[PDB]
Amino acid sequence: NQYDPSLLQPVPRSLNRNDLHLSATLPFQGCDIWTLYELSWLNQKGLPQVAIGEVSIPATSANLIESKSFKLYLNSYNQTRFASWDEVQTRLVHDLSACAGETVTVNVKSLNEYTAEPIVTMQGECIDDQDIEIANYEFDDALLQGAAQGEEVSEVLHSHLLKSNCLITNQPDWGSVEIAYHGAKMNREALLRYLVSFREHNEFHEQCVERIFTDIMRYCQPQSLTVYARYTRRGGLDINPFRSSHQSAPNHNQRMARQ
């Protein structure tokens, strides 16, 4: 029940990226943004404190943090006294930075800081309003083959239809994904079908955004590209991987409808 930094568990980013056939020199930059909805500890008099945490881990870090460990580690704060909120933020910064292996930023925000904050949508045009018949729910990266055959355009497209099963639990993981690019026009039927083909496939969040990035770069060869997914929480935590050929982070961490 007492605070225990030894609970966290790293996962090497290299494993997954060795699978996308990715080098020691990265095609993307960016970050993994996490929202910690159920962050709670005790003050020095034993009264519970509650807050929301917002964390950003560099995509260049050696490790990401094993989700179930991130969760037990947050749990250990629940019955531990800390004298001030800054103490808590200091601990979160240190431990998450040490686990991931690169400085991680952490904001600890009190709940009143969320009063009147609006729900946001994604940028760009939603592509989910298509009258197409759906074939696959098994994955197929070659769904993007031939998808970019137009005039060179600057677009942002998004879909709320991304879903995949957790490698571990096999329950669905739900998300919206935003794809900004400059290059030959992407066919929206192909792209939507590509996204939908994740449905019954087993995938991990960070792994997912990186695969979408590398498949689009491969198949559609834009000049520039950004892929950003925003997933709904599991066990009090949500993950929002951002990967770009030029931008290092999104402008804010505002929540979407399902999050």
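The numbering used is simple: start at 1 and walk along the sequence shown.
Looking at the entry, does 35 to 43 or 22 to 30 show the higher mean C-alpha B-factor? According to the entry, 22 to 30 carries the higher average C-alpha B-factor.
When the C-alpha temperature factors are averaged for each of 116 to 124 and 166 to 174, which stretch ends up with the higher value in the entry? Looking at the record's C-alpha B-factors, the answer is 166 to 174.
Among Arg81, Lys71, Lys109, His160, where is the Cα B factor highest in this entry? Going by the entry's C-alpha B-factors, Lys71 comes out highest.
Going by the recorded CA B-factors, say which third of the chain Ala135 sits in, lowest, middle or highest. As the PDB entry reports it, the C-alpha B-factor of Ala135 lands in the highest third of its chain.
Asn16 - Cα temperature factor, lowest/middle/highest third of chain: Its C-alpha B-factor belongs to the highest third of this chain's values.
Sorting by Cα B-factor within the chain, modelled residues only, which third would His205 end up in: lowest, middle or highest? Answer is highest: the recorded C-alpha B-factor places it there.
Mind checking which third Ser244 falls in for C-alpha B-factor across the chain? Its C-alpha B-factor belongs to the middle third of this chain's values.
Against its chain's modelled residues, does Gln49's Cα B factor rank lowest, middle or highest third? Its C-alpha B-factor, which the entry lists for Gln49, ranks in the lowest third among residues of this chain.
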